[PDB]
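Below you'll find only one chain, the form deposited in one PDB entry, shown as structure tokens.
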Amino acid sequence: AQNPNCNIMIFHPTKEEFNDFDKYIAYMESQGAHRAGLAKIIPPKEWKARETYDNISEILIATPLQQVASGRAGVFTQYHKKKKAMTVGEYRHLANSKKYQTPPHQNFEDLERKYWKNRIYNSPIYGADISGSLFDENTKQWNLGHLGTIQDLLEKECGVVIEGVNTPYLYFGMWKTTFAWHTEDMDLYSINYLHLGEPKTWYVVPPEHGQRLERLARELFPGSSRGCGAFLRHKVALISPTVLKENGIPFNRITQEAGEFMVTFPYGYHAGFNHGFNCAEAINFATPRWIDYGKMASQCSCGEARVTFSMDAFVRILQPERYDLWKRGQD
């Protein structure tokens, strides 16, 4: 068995290996990458997502989210308070302000320490989940706006034609902006490209150990657990590496820098934070190996998790027994 310790693997494809996306994902899995739940892909040196980032300031962040924490430093939830619209240029200035900028630090490890010590005492503002793309239409390799769609994958594997579309999303982050512990909708893959700016630190639990994280989460967030049998779908809970280590949960960590891709694998729980002003782009995708994960994915039916139009068909076709109850949650 490849990668039996479930370490995060890092890949350096050549320009030739960068041509066929599906084939490279399957190669990485042949080497055991999926066992970690997360992989890094460093693009060939010849490749670029676009020519420059000089003209992005007029993109609108229609609903910036202020991420307000409750709990203790290592075990907290966050809620998203909606703020007034602002442009990317306005947001970048805000991120760079004395109130919100990254503190002086020695290295990524020191910054990670400061994040876990201090996150809860501040409420950073995140421009998340903005439909759109920063890939140039002429970029033919690993262009997250030109991937094969999940609907087309399900149709190719299962023969059923379904409605729905699959488009990317932009994320504009600042120091301390936080992504809570989650897997993807329907336990899909995700791919994330850090277009610009400061790094993003990731934490991940191997898929084969996801239920260990879930059991710890039900202990640590006991009212949320009683409210919903899949409350990590709410995407609000944080647990620090110190706490994970104290409770024996297997995980790994890695920092993504500008110009790098990360891939999350089916049922790989992940969480993380931004080091400073940055812009990422991400999208879900599927492969044949995903289908069985999609069929087994938990679902939130309490009404909190509220997701896209396109998840309907996935539930309806892969999880017909759950469909009724899940749809009640969506309506």
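C-alpha atoms forming the largest set that superposes within 1.5 Å between two forms make up the rigid core. Only residues modelled in both forms are compared. Each residue number is its position in the shown sequence, starting from 1.
One more form of this protein, deposited with a partner chain bound, exists but is not displayed; see below.
Enquirer: Just to confirm the contact call: exactly one of 214 to 222, 195 to 203, 229 to 237, 92 to 100 touches the partner chain in the deposited bound form at a 4.5 Å heavy atom cutoff, so which is it?
Expert: Going by heavy atoms within 4.5 Å, the stretch is 229 to 237.
Enquirer: In the deposited bound form, which of the listed residues (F76, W175, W142, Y171) lies with a heavy atom within 4.5 Å of the partner chain?
Expert: Filtering the options by heavy-atom distance leaves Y171.
Enquirer: Between the options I254, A128, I120, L111, which residue brings a heavy atom to within 4.5 Å of the partner chain in the deposited bound form?
Expert: When the partner chain is considered in the deposited bound form, the option within 4.5 Å is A128.
Enquirer: Check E17, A258 and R289: does every one of them have a heavy atom within 4.5 Å of the partner chain in the deposited bound form?
Expert: No, the whole trio is out of contact, none within 4.5 Å by any heavy atom.
Enquirer: Is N284 close enough to the partner chain in the deposited bound form to count, meaning some heavy atom within 4.5 Å?
Expert: Yes - in the deposited bound form, heavy atoms of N284 and the partner chain come within 4.5 Å of each other.
Enquirer: Is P241 close enough to touch the partner chain in the deposited bound form, meaning at least one heavy atom pair within 4.5 Å?
Expert: Contact check for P241: no, nothing within 4.5 Å of the partner chain in the deposited bound form.
Enquirer: Is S298 a contact residue for the partner chain in the deposited bound form, using a 4.5 Å heavy atom cut-off?
Expert: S298 lies outside the contact set for the partner chain.
Enquirer: Quick check on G164: any heavy atom within 4.5 Å of the partner chain in the deposited bound form?
Expert: Yes.
Enquirer: For the set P241, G259, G164, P250, which residue undergoes a C-alpha shift of 2 Å or more between this form and the one not shown, given alignment on the rigid core?
Expert: Comparing both forms, the shifted residue turns out to be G164.
Enquirer: With a threshold of 2 Å on the C-alpha, tell me if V315 counts as moved between this form and the one not shown once the core is superposed.
Expert: It does, since the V315 C-alpha is displaced 2 Å or more between this form and the one not shown after the core fit.
Enquirer: Would you say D152 moves between this form and the one not shown, meaning its CA shifts by 2 Å or more once the core is fitted?
Expert: Yes.
Enquirer: Core-aligned, is the CA shift for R306 between this form and the one not shown 2 angstroms or more?
Expert: For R306, whose C-alpha is compared between this form and the one not shown after core superposition, the shift is 2 Å or more.
Enquirer: Are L170 and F309 closer or farther apart at their Cα atoms in the deposited bound form than shown, with the shift being 3 Å or more?
Expert: Compared with the form shown here, the C-alpha atoms of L170 and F309 sit farther apart in the deposited bound form, by 3 Å or more.
Enquirer: Just say closer or farther for the C-alpha distance from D324 to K235 in the deposited bound form, relative to the shown form; it changes by 3 Å or more.
Expert: Compared with this form, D324 and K235 lie farther apart in the deposited bound form.
Enquirer: When the two are fit on their core, where are the runs of 3+ residues whose C-alphas each shift at least 2 angstroms between this form and the one not shown?
Expert: Residues 149 to 165, 225 to 227, 306 to 331 form the shifted runs.
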